[PDB]
Structure formats: C-alpha cells, structure tokens
There are 4 protein chains.
Amino acid sequence: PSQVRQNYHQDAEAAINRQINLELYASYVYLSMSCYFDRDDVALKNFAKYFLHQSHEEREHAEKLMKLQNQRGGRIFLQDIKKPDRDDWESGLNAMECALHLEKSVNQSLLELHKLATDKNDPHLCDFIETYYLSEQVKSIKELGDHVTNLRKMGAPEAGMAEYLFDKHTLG
Amino acid sequence: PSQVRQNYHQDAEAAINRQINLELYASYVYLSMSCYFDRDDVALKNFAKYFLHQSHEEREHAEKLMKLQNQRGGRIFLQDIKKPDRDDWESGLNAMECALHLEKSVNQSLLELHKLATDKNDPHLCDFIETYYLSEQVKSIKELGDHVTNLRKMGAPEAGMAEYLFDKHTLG
Amino acid sequence: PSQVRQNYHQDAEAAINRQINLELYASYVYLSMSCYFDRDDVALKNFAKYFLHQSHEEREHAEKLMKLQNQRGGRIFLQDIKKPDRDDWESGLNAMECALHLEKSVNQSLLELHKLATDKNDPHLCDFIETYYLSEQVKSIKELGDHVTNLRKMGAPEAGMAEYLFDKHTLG
Amino acid sequence: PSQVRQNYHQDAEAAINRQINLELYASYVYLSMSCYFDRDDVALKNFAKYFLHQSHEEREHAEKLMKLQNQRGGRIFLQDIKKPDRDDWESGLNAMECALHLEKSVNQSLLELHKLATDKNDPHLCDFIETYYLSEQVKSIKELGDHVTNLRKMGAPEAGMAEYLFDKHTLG
Ligand SMILES: [Fe+3]
C-alpha cells in the first residue's frame, strides 16, 4: 500500500472515514442551531454565537482526522453530509439538550474507535484519539450539562426572562 | 523545655493544637461545598470558586497557627481531620447558612482561646489571635450574613433565577 | 444517572474517591514534615519549604481528581483524613526516606487505578491518569531517591554538617 | 502634671524608664559582640554584621520608648549604661547562646511591663507593647534558637569549618 503505511489496519482506516463524516454532520447540526437563534422571532445572539463556535470547532475536528488519515497512509473517502433532524430547535433549553445528546453520541463513536485501535494494537491511533478527542468531549459534555441544569433551574423556556438572562450572563 | 519557650503555658499549647485541627476541618468543609457546586446538576461556578477560596484561606489560617506553635517552642500534634457532616449541600442558600454556622463556631473557639491566653497572662498570644484571627472572623461572619440575607430576599432556593443571578452579580 | 455520565463505571467512581482521600492524606503527611523542620531544635528552613511545597502540590492533585469526578458525572464522597504515622520525623534523611516510601505507595495506588480503568475500557480515565499523575509520580520518586542518595553519601544524620549543607545547596 | 497626660500611671512611667535603659544595655552588648567577631584572630565578618544590626535595632527600640514616654506626658530619666558582662565572647556559638539569653531577659521585662499596664488599666500602653515589642521579641528568640541549633548540629565550635560555613551560608 502507501509507502508510509505501517501498523494501520484497514478496519481503522474505515472507522476514521466514518468518524470524519460524523464530525462533519455535528458541524452541520450546530450550524442549523446557530441559524435558528438568529431568527427575528427568536433573537438570542449569544446562543447563536455559541452554536456557531461549536460548528467551527467540529469542522476543525473533522479536518484533524483527515490529516491523521493521510499521515498514516490511509485514503479519505467522503460521504454525503445528512441534514439535521430538524429546522426549528424550539428553545435555548431544547437546543442545549439536543447538543448534549449529540456530543454524547460523538463520544460513544470515539470510544468505539479507541476500542478498535486497542484491539488492533495501534498505539499511535489510541494516543491520538485520547490526546485530541476524548478529553475535549468530556469537557464539552460537562459544559452542556451545566448549561442545561442552569436553564432548567431558571425556569426555561416557560419563564420568559430565563433564556434572555442566560444569553447575557453565561453566554455573553 | 524548648530553648525558646517563655511564658507559654501547656494549656495554651494544647488549645493551639486543637485550633489547628478546627481550621483544617473548616478547610475540608469548604472544599466539600466547593465540589458540590461543581456538579453537573448544580452548576454554579462562582459559588464553587467562592468556597474553594474559603478552603484555601482556612488552610492558610491553620499553617499560621503551626508557625506560631513553633515560634513559641510548643510542639505540633496533628489529629485526624474528620469528614464534613454532609456530601450534598442542597442549595446555594443552604451552603451559605452552613458556612455562617461554621464561621461562628470557629469564632467561638477563638474567643475561648483568647480567654485562656488572658487567664494565663500571655499577651503575645492574645495579640496574635486578635491581629490575625478575630477581625478576620468578624468580617467573614458579616459577609456570609449579607449573602444569606440577599439570597433569602431574592427568593432562593425556590425562585429558580435567584441563585443563578446571585452567582453572576455578587459572586462573579 | 447524571446527564453527563457515559462509559464511567461505578468501580472507577469508587476508586477515584479512594484516590482523593490518599492524596489528601499525603498532603497532610507533608504538612507534618514541613512543621517538624520548623521547630527551634531542628531549624532547617529549606527542608521545611520543600515539604510545604509538596503538601500544596498533593492538595492540588486531590482537587484535580475532584474536578475529574464531577466532569464524568460521578459523585464525590469524602472520608476522614487520617493523621500521619508520626509527629517527630527524626532527621532530614529520615523524612526524605519516608517521603520516598509515601510517593511509591501513591504510585502503586495510581497503577491499580489505571489497571481498573483499562479493564473497564475507560480510555479517557486511563489517559487522564497518565497525563497528570503517572509521569509526575515517576519524577517525584526519582528526585527523592537522588536526595536520599546524596544525604547518605554526605554522612547524614550523624555528620552534623551534612543536612545543614544539603539544606543550603540542594534545597536552597 | 503635663497638659497631655491622661490615664498614665507614675508606675508605668518609671517602668518605661527602666525599659529604655535595658534596651540601651542590650544595644551595647550587641555592639561588644559585633566588635569581637571583627578581631583579626576571630575574623567572622557576617557574625560581626549580624550583631551590629542587632545593636542598631535595639537602639531604635529604645528611641521608640522615649517617643512613647513623651507622647504620654511622662518624663525621661536616663541612667548609666552598664558595660557588658564580658569582652571576649569565645565563639560564634557562645555569642548566639548569650544573645538568646539576653533576648529572653528583655522579653521577660516586657511581659512584666504589660502586666503592670494591664493592672493599671492602660490599654494604649498594653497595645503599644504588643504592637511593637512582643512579636518582635518572639521572632528574635526563635531566630536565635534556630541559629544555636544549627551551630550545635554542625559541630561548633570544635569543628573548625562549622562557624566558617555558617557565617557564609546562614549569615551571608
Ligand atoms: Fe441581571
């Protein structure tokens, strides 16, 4: 195969391609969320900024996996990026809950990739995932859980001032 | 006894050892509180920061008493640091009320130590307690009482925005 | 369980709580050592400074494990912090030997925690331990072994100038 | 009496005059020690510097008591400053032991003055002594005890390198 390839299983290559698609999908979901909060009938600018940042971060995760694939002598095969499950995200609280669910699903995929790398005795790939993916995901999940907790306590979405003040104080 | 020891009663030495343990216990209680507010289902970062600061301050108080004990030629005897009375502190308001109670109990211990030093005609120890402990405790107690008053007025813990906004404005 | 919890075994949670207690215990042992060297009949200020630094570092290790526990959605349960095995540490050499023994016991606990995380297929926890605990412990153990070697060669504790000059040159 | 005098007992005035003389005597003892270490057959420049500093500090203590006496409307009555008990201080260790004894005797005098001020219900004088005299004395006594401990451990005065190296490392 590639002149650089060493200790890199075909299964791992395939799993990395899958993960690239999942990170691109996550970026697209975040972009959809960001847009929602930019609507004139929603109008929460710091929610919009928060989710646009997350969109840009997930793209960066995807690009770093592409760099890995080429560094190890695998070949990138792209697939369609599916549209998000919804256009209307209903509320700041609902979007944060949906983001938490998404981040946990991405984490689960990364844990399955680490298990595969461990099985195939690929320590460079195991180390890569941990170093750049697993601690970031744990941090993200904890931050989103904290946001959900705060919004729920404040009375969102029925208490009208809750998302407004959360947008100002936590996300601003 | 020690070559430096002068006008330092065995009772006072024993009472200082007790006070060291109480300050270490207080530090541990504050650490427990700090952690509680860091939970994903509580998620009040400025409450967590406030109590972690208090934990570090109480350790410093303990270390300053250790320095005193050696300066006067007493001998430090450490004891177990008991675990705090609870793991779940329930709410920002409840933690502030528990902190107020703790600070008053530490103050009471310091007043008993001052009375002992006065009885044993130990002016250096009397002056030390006042200079570094008694005004700090009065300031701490007043600050915690002010926090409790504000949280109660705002409607905590039942009014969901109260602890959130107090965390932002008073503790942030 | 917690909304953030994912791939985090109850065994691992329990083992982290145990490790928190061990790091707090180590901090307390170091504090005891620090105090000893501050006595008027011992009077080795740089030994005192060295062990006080180690005390503060072990507390920081404990606080970082608390942060991990909450990040993963576990719950911190604190226990009593037992008093150190002795009040009188006898000599600079004996304290360094006792510190070496303590650091090796903490390392052994961390290796058992890593083995548990490996068994439960928890790569985030495995990576955390290594990244922040295992290399620090190896460095600490090597430094303490070097100190013990030097003090022994110099003739401590029977050669009276040995601890004095080591305090000045190595620890100063 | 003086137009400024208020709540200032004749006993206290007399005791302050005595304390002035004792601080001037202590300054003179330190000056004698300083000179000794400047002899060509002793030649320990940092011991000489240390005791000259102490001499200048004790003079400053005396001058501050003179300022107090006039601030309270007492009248300063000076007495002869007796010569020190010896001209030859024998060794660095012996001079430090003699200094420790002197500092403890000055502390004892200050504690007797505080007891008198307490008896005569003179809180300004009690506070003055503590604020500027009692903590300084405790610090001085602890420092001298530490020096004596270190010199003894190092083998002074029989181990010829002990005072030389202490002069370099501790006092330099
Ligand atoms: Fe506001």
# chains A, B, ... in the order shown; residues from 1 in each chain; ligands from 1
call {"tool": "closest_atom_pairs", "arguments": {"of": "chain D", "to": "chain B", "cutoff": "8 Å", "atoms": "only C-alpha atoms", "output": "Markdown table"}}
result
| residue | atom | partner | partner_atom | distance |
| --- | --- | --- | --- | --- |
| D:100 | CA | B:4 | CA | 8.0 |
| D:104 | CA | B:6 | CA | 7.4 |
| D:108 | CA | B:6 | CA | 8.0 |
| D:111 | CA | B:123 | CA | 7.4 |
| D:114 | CA | B:123 | CA | 7.4 |
| D:115 | CA | B:121 | CA | 7.5 |
| D:130 | CA | B:127 | CA | 6.4 |
| D:131 | CA | B:127 | CA | 7.9 |
| D:134 | CA | B:124 | CA | 5.7 |
| D:135 | CA | B:124 | CA | 6.4 |
| D:138 | CA | B:71 | CA | 6.7 |
| D:139 | CA | B:71 | CA | 6.9 |
| D:141 | CA | B:4 | CA | 5.9 |
| D:142 | CA | B:71 | CA | 5.5 |
| D:145 | CA | B:4 | CA | 6.0 |
call {"tool": "residues_near_ligand", "arguments": {"ligand": "ligand 1", "cutoff": "10 Å", "atoms": "only C-alpha atoms and all ligand atoms", "output": "PyMOL selection string"}}
result
(chain A and resi 161+164-166+168-169) or (chain B and resi 161+164-166+168-169)
call {"tool": "atom_distance", "arguments": {"atom1": "CA of residue 34 in chain D", "atom2": "CA of residue 21 in chain D"}}
result
19.9 Å
call {"tool": "atom_distance", "arguments": {"atom1": "CA of residue 78 in chain D", "atom2": "CA of residue 109 in chain D"}}
result
17.4 Å
call {"tool": "atom_distance", "arguments": {"atom1": "CA of residue 162 in chain C", "atom2": "CA of residue 44 in chain C"}}
result
11.6 Å
call {"tool": "residues_around", "arguments": {"residues": "residue 30 in chain A", "least_positions_apart": "2", "cutoff": "7 Å", "atoms": "only C-alpha atoms", "output": "NGL selection string"}}
result
:A and (26-28 or 32-34 or 51-52 or 54-55)
call {"tool": "select_by_dssp", "arguments": {"residues": "chain B", "states": "alpha helix (DSSP H)", "output": "PyMOL selection string"}}
result
chain B and resi 10-36+45-71+92-119+123-129+135-154+160-169
